[PDB]
Each structure stands twice: as C-alpha cells, then as structure tokens.
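Shown here is one chain on its own, the form deposited without L-canavanine, set out as structure tokens.
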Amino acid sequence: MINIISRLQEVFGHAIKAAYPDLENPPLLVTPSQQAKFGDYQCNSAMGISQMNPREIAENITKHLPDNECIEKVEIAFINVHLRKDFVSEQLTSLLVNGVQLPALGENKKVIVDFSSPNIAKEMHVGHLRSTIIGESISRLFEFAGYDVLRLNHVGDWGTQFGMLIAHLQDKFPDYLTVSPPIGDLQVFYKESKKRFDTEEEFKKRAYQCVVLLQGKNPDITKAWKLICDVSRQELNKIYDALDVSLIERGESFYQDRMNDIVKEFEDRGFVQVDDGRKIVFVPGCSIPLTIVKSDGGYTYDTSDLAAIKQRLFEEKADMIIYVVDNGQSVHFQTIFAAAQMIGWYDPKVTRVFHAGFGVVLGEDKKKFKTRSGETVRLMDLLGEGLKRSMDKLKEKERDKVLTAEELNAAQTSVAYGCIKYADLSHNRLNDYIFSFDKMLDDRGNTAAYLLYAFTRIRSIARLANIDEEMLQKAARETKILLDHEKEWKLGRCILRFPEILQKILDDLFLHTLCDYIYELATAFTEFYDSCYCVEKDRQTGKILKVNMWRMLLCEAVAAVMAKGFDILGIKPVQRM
C-alpha cells in the first residue's frame, strides 16, 4: 500500500522546488485532518518556508503543483488536500490484487526488542503479562515493516534464588548428576527451598556455598542450575505458546563474564566513586547514582544492565534497542541509557535506545491488582479464568452447533486471549490499566469480542451470496470499485490510512492508535453495510435479484486490513460460528 503522507510529501516537495528552487531541503509538513471542516490531509509548509507571506507562498506552492494521481482539489482555508475517488478506487484494487503490505525501506535495520523478563522460579504476575503482550505486538509491527527484529527474553537466571534451589535439589534428588529427576512444579519446589532456608541452619550455609560454586562454574553445580532452568523453560513455553509469543532466551547468565570489563572501563575513564566500600557511578542529569559493585565485591542489576546494553550496541550492532518494562523502572533505564552515552558507547542521533513504559495494573476499585490476600495473582490463574468465562459465554448456547474441536479450543481461546491482549493494547500503554473481565469480554463497544464478530460477519457477505475466492480474485482484476455513495467514500479513504497509522507507531510505540483505527474501520464498515445494499432481494419472496460486486470487493478490502491489524496485535480469528 502507498503511505499517502509520504506520497503527499513528495508531491508538495516537487511543488516547492518548482516554486522556490534556491531552497534545497525545505520542511514538508503533511498531516491528516483535523476535521472538523472538509479536507483529507493538510500541508503546513508555507509557514515553514516563511521564516527560512504565508498566504502568498501557499498559493504559489498550490499553483506549482505537479501533475499527479491522488489530489482532486486544494484550498488555502494551511493547504487542505482532498483526494481523488479514482485514486482511492485503484488503490483498493491494488491491495486486493497485491496484498496488504507497507512500502519497503532500502535497508533492514537491526531492532532488538527486550520484553517479558520473568525471574526464574519466582511468580509471574500481570506486569509480566503486559510486557509480554506489548513486546510481542511491537516485535510483529517491526517485522511487518521489514526490520531485522531480535526478540530477547532477558530472563532472571543468575540471581541468589539459585543457592537455595540447588541446595534443595541435592537433598530432594541426589542422583540428578546421573539421571534427570522429576522436579515437577517449579513454583512449589521454590517455596519448599525458601521455607527450609528460613527455618534451617546448615541449608542456609549450603545455599551460599552453592552460589559461590555456581559463579565459579563447578560442574555438578552448573548441572543443577541447567536442570532447574530446563524446567523453567518448559513451563514458560506453555505460557508463550498459548499467547503466541516468540522469544530468544538470553538470560543474566549470558553477560556474567562481561561484567568485570564494565567496571574496569568505568574506573579507567574516571567515572567511579567509592562509598562505604561500594563502587558507584554518577550520571549526567541524574541525582541517584548507579551502584556497580557492592561492599562484598558482588555485582548488581546496574552492572548486568550496563553489560547487556554494551553487548547489544557493540556485538549485535543494533540500530534500535527497545526496552519494554513498567513505569517503575523508568528512572533506572534513563540512568542506564545516560551512562552508556556519557562513556560514548552510542550517540542518540545515530542509534535509537528507547524505554517503552507501561502503567501499573489496577482492579475495578482503582487500587492495585491483588489477590485476597495479599499475594500476586498468577498468569495461569488469569488465563485459566479467561478460558472459563469465555466458555460460559459459548455455553449460551453454542452446544451442538459447533464441533468441540472448533469450540472447546478455537472459539474459546480466540475470545479469551484476544480480549486479554486487546483490552490492554487498546489503552495508552503509559496509563494505569484497569483489569476487568466484564468490560474486556463484552460483546458491544471496543472489545476483541465485538471485533472478532465484526471480522466474521464482514468475511461472510461474499461467501453467503455463493461468491467464491476465485470469483472475488477475478472480480478484483476486472471490476471498477465505485465510491459514489458517501459511506463508500468514507470507508475507502479510511482503509487507505493503514500505512500512515503504522508509520506513526513505528516512531512512538503507542499501539492503542492501531486499536483506535481498527475500531474506526469496523464502525465505518457498519455505516457502509447499513446504508448500501450488497445483495438486493425481492421484498416478498426474498429471491436474490442482484449482487453488487464492487461492494463485495469493499467488504474484502476491509477484511484484508483488519486481518493484518489483528496479526500485529496478536488476535487470532476463528470463523466457524
């Protein structure tokens, strides 16, 4: 598809060069209306050109507009732009013939997305769920735009929990050295180890011996750690499979041997002060220092986060690095980023390093999301409850109508996981998020449940008239898509904004504007469908008299874009109802 904003930039750029050839890189400021009053796009360059009058110049640009395919009409009110109908029509044909795609860039820049980040054998909460959903969808956006996307799970696989865990495994399964033991539920095993630590003397000493031996790579210490981490992987993979998430595991352990070099470099450059035996680093604009070495000579999360960002700048040679982490870690990551700058590992004008914040999760009462009480509610409990309530809806009354293959999973899971992903993403990530099954699962308004129904219905209009795929692909090649009726014209122009919308999110990482657009697209479809006959039937007999093929094609163009938006957001359709 064409990005109209980019196309308009070129069209107006030509006009400015022909009207003012001495200006060799003038600002080309194109934005969608802002309606309110008539106009599809606005060009705001006249004011830019003024300082480097406004009305005279606008009209001069206007009168030097080159021949083009997209502009019907222009007015000075700024320069309002109205698109041509034949342009939009042909663009609709093109996406049906060529498929939904963004315009390709000349390079495949490397983008790292860092998201999900569970700490091993500890509880995985709604904060992790957010990071997982937001991160996955950001990764899909960048992949759909032609970037080289590296999805990294920075898993907590090198923390002090492993002393306890390994000491427990030695007692519980002493032949782990020879045969892989049935560890079972990893969360249970942890609380057992934790209890023992809190209530015993020698176990506690042995847990500290185990951390020392794990750091120094004692085989039969590392072995224990691998087996625990393998159990963690199986469990997390159930979660990621269900949510359709792809991640390359790159834990804390990966950067362990690089941390000594980090401390050395910060010292050698004169950036380290000593306080009560702790090594600290002050960073520009920041009141709170990083702490890179503790009193006991141990490294911290500041040390490992510096190791990882340097690895990702130096070894991966990333053009962009995205950290999907809660608003609580904001100051920490700005501090990490400013330390990286200070020491000269990257330049923010050349390499994009970005923290994509998300707000705290609340209950319906507007207080923090907690169990009763007061432990953190698990993901498997949330996903389990969503699957339960999803079924309950289906139970009224989709009983013998649907196969249990196409019901007890397909429909159930689409709606449960789709509404969980969508309710989150449909709100601005930075804000406090209210987790509400009732609101997310509602069949009306802006919900995955509404949109899944809408998609199915849009797809059903051509098939229920006995038009098949071949007829539709044939129609697409030889049919002029008419846009005479106002609701055909609203819908056609709405469809063509998809690349614009995605282009903006590639800059600012606010996926809620994609959910806004998809909802607007669904709404514009329903206004089209309500006001324009797709099939025409006899009032009395209900006999099929005419099929309006171009209007079938409008349905299909909407399906195509919606399907793509769904994919980016992680919503899977199921059509069997």
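One-based numbering along the sequence shown.
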item	value
Chain break class at residue 77/residue 78 - deposited residues not modelled	1 to 3
Continuity check for residue 52 and residue 53, given as deposited residues lacking coordinates between them	4 to 9
Which of 252-260 and 319-327 has higher mean CA B factor, as the PDB entry lists it	252-260
Per the entry, higher mean C-alpha B factor between 82-90 and 232-240	232-240
Highest recorded Cα temperature factor - choice among 127, 163, 156, 298	298
Options 136, 486, 265, 385 - largest CA temperature factor per the record	385
Among modelled residues of the same chain, the CA temperature factor third for residue 424	lowest
Residue 282 by Cα B-factor - lowest, middle or highest third of the modelled chain	middle
Relative C-alpha B-factor of residue 561, binned into the chain's lowest, middle or highest third	lowest
Entry-reported Cα temperature factor of residue 359, expressed as the chain third it lands in	lowest
Ranked C-alpha temperature factor of residue 73 among modelled chain residues, by third	highest
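The form solved in complex with L-canavanine exists for this protein as well; it is not shown, and the discussion that follows is about that form.
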item	value
Selected contact from 96, 361, 83, 325, since only one has a non-hydrogen atom within 4.5 angstroms of L-canavanine in the entry with it bound	325
Position in contact with L-canavanine when the complex is considered in the entry with it bound, options 158, 190, 333, 346, heavy atoms within 4.5 Å	333
Heavy atom of residue 119 within 4.5 Å of L-canavanine in the entry with it bound	yes
Residue 222, heavy atom within 4.5 angstroms of L-canavanine in the entry with it bound	no
L-canavanine contact at residue 389 in the entry with it bound, heavy atom, 4.5 Å	no
Proximity of residue 453 to L-canavanine in the entry with it bound, heavy atoms at 4.5 Å	no
Answer range among 317-325, 284-292, 167-175, 438-446 for contact with L-canavanine, defined in the entry with it bound as heavy atoms within 4.5 Å	317-325
